[PDB]
């Protein structure tokens, strides 16, 4: 038995969705209302009270990148996610960590803030895009020739690019064509296609929030 507590537009939740589908395991997806969190969510992640929460045979695993590695280590022979080489594996972990650290606050402020905080966030996220663009280089994936951990770690953000462009006056699509091509590559995988919500859906939800709350 596998349960995933998640939020549809969560790029972190999307990672675990993708990892589960890469392994072709069946699981129960449960949508959480983050303004009205379930007893199960609070019981299973008392420390952070965040989604995604992966519940396997009744036991909780928290933090999306830790969940992906957990899923990979349980089913290593089906669509291996992490490299087998320790050095390459260390590098994949580094770049997933980089994404987590650099996007957590700015990407929240991109859609939830205006004024000075949003401005700061724009600068930081553009810096992330430039850095990831440089790291990707001319490879098909962050993982080189094949879809890997860092691809999983960032692809969910693609579903937000249009939102960031519209609500934060960013230019992403025309400025980072290698990243757009990479995203198009990843989207051909059924795991990714299933996990990522429609970009217009995200945009509509975020603009609604900004109208009503701001």
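Residue numbers count along the first chain shown, from 1.
For the two regions 106-114 and 124-132, the entry's Cα B-factors average higher over 106-114. Looking at mean Cα B-factors across 40-48 and 157-165, the upper value is held by 40-48.
Of the candidates 176, 27, 182, 70, the deposited coordinates give 27 the top C-alpha B factor. Per the PDB record, 34 has a higher Cα B-factor than any other of 61, 34, 187, 152. Among the modelled residues of the chain, residue 205 sits in the highest third by CA temperature factor in this PDB entry. Ranked by Cα temperature factor within the chain, residue 54 sits in the middle third according to the deposited record. Annotation for residue 74: C-alpha temperature factor in the highest third relative to the rest of the modelled chain, per the entry.
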